[PDB]
């Protein structure tokens, strides 16, 4: 029974309404999935880290802590990236979370100033050593500095 133009136009309107709605839906879904799929790359770029077949490259211009402990606790990283304010301690609030003898809930702070100066500020009752010196003052850090937190948490700062 041949449909005439008003009915055809109505059905076409409904069809294209369906296509538009499907488009919005799949726009949502695709943007979500792509956003999550790009996460690793965004992270690595922010940290200036290149993951190669033969190993790990880090950026010439960013600050890193390298774990020197031969037997680190299960939670610890090998390489920590340092952006501008870094909280080190046992609390969940901390950026670098360490569990060890002598490590306080809030143990120390490492700061990168707008002019590039990197400093370490100790917290109350928290033992930090830089290059074998017990830290009692905000202490400027330099490439190759060795940091000891608590009894046996050794790190090397990397800023070439």
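Numbering follows the first chain given and starts at 1.
Asker: So 35 to 43 or 112 to 120, which one's hotter by mean CA B-factor in the entry?
Answerer: If you average the C-alpha B-factors of 35 to 43 and of 112 to 120, the larger mean comes out for 35 to 43.
Asker: 17 to 25 versus 142 to 150: which one carries the higher mean Cα B factor per the record?
Answerer: Going by the record's values, the stretch with the higher mean is 17 to 25.
Asker: Select one of 130, 30, 56, 66: the residue whose C-alpha shows the highest B-factor in the crystal structure entry.
Answerer: Among 130, 30, 56, 66, the highest C-alpha B-factor in the entry belongs to 30.
Asker: Just say lowest, middle or highest third for the CA B-factor of residue 101 relative to the other modelled residues in its chain.
Answerer: It falls in the top third of the chain.
Asker: What third of its chain's C-alpha B-factors does residue 3 belong to: lowest, middle or highest?
Answerer: Its C-alpha B-factor, which the entry lists for residue 3, ranks in the highest third among residues of this chain.
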